[PDB]
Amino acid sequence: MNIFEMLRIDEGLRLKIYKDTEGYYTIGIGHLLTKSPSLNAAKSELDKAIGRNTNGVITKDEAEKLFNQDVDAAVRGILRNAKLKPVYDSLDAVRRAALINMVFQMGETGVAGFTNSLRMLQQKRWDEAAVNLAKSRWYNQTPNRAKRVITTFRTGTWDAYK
């Protein structure tokens, strides 16, 4: 298991524009196109991202390309963020993947606001961090995925993805 396979499990793969759990136009492996309610704005973002007139449909290779870019962006965003970098650097590789997963789903600014959870993770108080992470809109809106990510932080294993 690795961060890419982990996110493929959590995000799936759809080759036509679809709405995410928040109602936002998305494509591929959880590639957010826009928060605008305009499907035309979403199709324009898609064509810009792929480099061609896609007509709202992409190939698997194209979806995987955006996914690689998005994972890279999540990691780079963690490393550039003064709140996330110390936590990330303190974690082992499996728990680093859990943090990347959160940032992929909700964005660097959103995760960086989880101040108390991040501190518990930095302190390696895993059960306490897990309890605190669940007191969130994130957990309430996507509980099955949040449970998997939280178990990964709690245990430092891939048990929730096997």
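Quick note: we count residues from 1 along the sequence shown, nothing fancier.
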item: Mean C-alpha temperature factor, higher of 30 to 38 and 100 to 108; value: 30 to 38
item: Segment of higher mean CA temperature factor, 8 to 16 or 139 to 147; value: 8 to 16
item: Largest Cα B-factor, entry values, listed residues 123, 69, 55, 132; value: 55
item: Residue 61 CA temperature factor, ranked by third within the chain; value: highest
item: Chain thirds of CA B-factor: placement of residue 91; value: lowest
item: Where the record places residue 3 (Cα B-factor, split into thirds across the chain); value: lowest
